[PDB]
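Chain by chain, the residues:
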Amino acid sequence: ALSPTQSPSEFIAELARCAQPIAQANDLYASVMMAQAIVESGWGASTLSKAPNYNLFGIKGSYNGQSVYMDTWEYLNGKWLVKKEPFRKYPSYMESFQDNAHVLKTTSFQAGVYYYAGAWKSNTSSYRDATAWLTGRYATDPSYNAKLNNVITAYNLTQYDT
């Protein structure tokens with residue numbers, strides 16, 4: 001299953017079935033989507049990513065009012081700190097994929113400016129531009145793009161892009 005899974009190969013094949021169509025429909029890289037699920041969830045092992053939360057993507061805030069508070073590492077002003085933060089809670093694994101796409105496509109702090117626009121496939125030359133854009137935006141980890149890129153390259157995840 002996504003959890004527990006027999007191998008990275010299993011986990012990847014199961015992610016692709018959801019990620020490929022959603023990424024294609026939304027001008028996103030499937031590879032980046034799948035890397036974010038692997039890195040955020042720890043191959044589907046995190047409590048946040050498992051039932052009854054199903055949040056594969058470390059998405060913060062609330063989903064139709066549904067949230068779970070969890071301890072999380074943040075990198076702030078040059079220090080790693082544990083913070084307790086609100087994460088979205090979903091009814092199944094599918095909504096977390098849809099919501100990752102929604103967050104990337106629609107997040108805006110200023111009129112006419114989409115915060116994640118640099119991770120949209122049409123605004124990039126390669127997936128590396130998208131992972132770089134997420135760093136310091138989606139997550140505070142200053143090595144976030146290196147962690148995503150390392151998963152993409154190790155597992156040839158651009159095979160799922162189109």
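Residues numbered from 1 in each chain as written, not as in the entry; some residues may be left out. Heavy atoms only, no water. Residues with missing side-chain atoms left out of burial classes, pairs and counts.

Enquirer: Requested: an account of the pattern of salt bridges, with residues and values cited.
Expert: Across all of its chains, the model carries four salt bridges by this definition. The salt bridge involving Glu 74 is made with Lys 60; its shortest N-O contact spans 2.9 Å. Taken together, the positions of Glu 74 in strand β1 (residues 67-76) and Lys 60 in the loop between α2 (30-41) and β1 put the pair 14 residues apart, joining distant regions of the chain. We classify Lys 60 as partly exposed; its relative accessible area is 31%. Salt-bridge contacts for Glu 85 lead to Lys 60; the nearest nitrogen and oxygen are separated by 2.7 Å. Of this pair, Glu 85 sits in strand β2 (residues 79-88) while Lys 60 sits in the loop between α2 and β1; the two residues are 25 residues apart in sequence, bridging distant segments of the chain. One connected set of salt bridges, linked through shared partners, spans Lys 60, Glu 74 and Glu 85. (Salt bridge = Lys/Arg side-chain N within 4 Å of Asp/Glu carboxyl O. Helix = DSSP H or I, 4+ residues; strand = E, 2+ residues; numbered from the N terminus. Buried < 20%, exposed > 50% of the residue type's maximum accessible area, 1.4 Å probe, protein only.)

Enquirer: Outline the environment of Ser 96, supporting the account with residue identities and numerical values.
Expert: In this structure, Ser 96 sits in helix α3 (residues 93-106). Residues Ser 96 and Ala 139, spaced 43 residues apart in sequence, show a C-alpha to C-alpha distance of 16 Å. If we ignore the near neighbours within four places in the chain, the residues touching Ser 96 are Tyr 54, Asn 55, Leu 56, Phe 57, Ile 59 and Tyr 90. Within the local environment of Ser 96, its side chain forms a polar contact with the backbone oxygen of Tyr 54, the two atoms lying 3.3 Å apart. (Contact = heavy atoms within 4.5 Å. Polar contact = N/O pair within 3.5 Å; in protein donor to acceptor, adjacent residues only side chain to side chain.)

Enquirer: Residue-level account of the layout of surface pockets, with values.
Expert: Considering only enclosed or pocket space, the largest pocket measures out at about 680 Å³ in volume. In terms of lining residues, the largest pocket is bounded by 31 residues, among which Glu 40, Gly 58, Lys 60, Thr 72 and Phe 87 are the most central. Sorting the residues of the lining of the largest pocket by element identifies α2, β1, β2 and α5 (144-154) as the ones contributing at least two each. (1 Å grid on protein atoms, 1.4 Å probe; cavity = no way out; pocket = protein on both sides within 12 Å on 5 of 7 lines; lining within 4 Å. Points joined across faces, edges and corners; volume = space filled by probe spheres on them.)

Enquirer: Go over helix α1 (residues 8-25) with me, naming the residues and quoting the values.
Expert: In this model, α1 (18 residues) spans 25 Å end to end at C-alpha, consistent with the 26 Å of a helix rising 1.5 Å per residue. Helix geometry: α1 is bent most strongly at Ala 16, by close to 35°. Considered for burial, the residues of α1 that qualify are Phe 11, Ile 12, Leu 15, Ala 16, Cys 18, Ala 19, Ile 22 and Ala 23. In the core, the buried residues of α1 are packed alongside α2 and α3. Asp 27 sits one or two positions beyond α1 and adopts a positive phi of about 60°. (Expected span 1.5 Å × (residues − 1). Bend = angle between axes of the 7 residues up to and from the residue.)

Enquirer: Give a detailed account of empty space enclosed by the protein, specifying residues and quantitative values.
Expert: A water-sized probe rolled over the atoms picks out the places where empty space is left. Approximately 50 Å³ is the volume attributed to the largest cavity. Lining the largest cavity, in full, are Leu 28, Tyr 29, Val 32, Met 33, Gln 36, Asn 100, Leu 104, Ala 119 and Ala 130. Listed by contribution, the elements that provide at least two residues to the lining of the largest cavity are α2 and α3. For the lining of the largest cavity, a count of residues per class yields seven nonpolar, two polar and no charged. (Nonpolar A, V, L, I, M, F, W, Y, C, P; charged D, E, K, R; others polar.)

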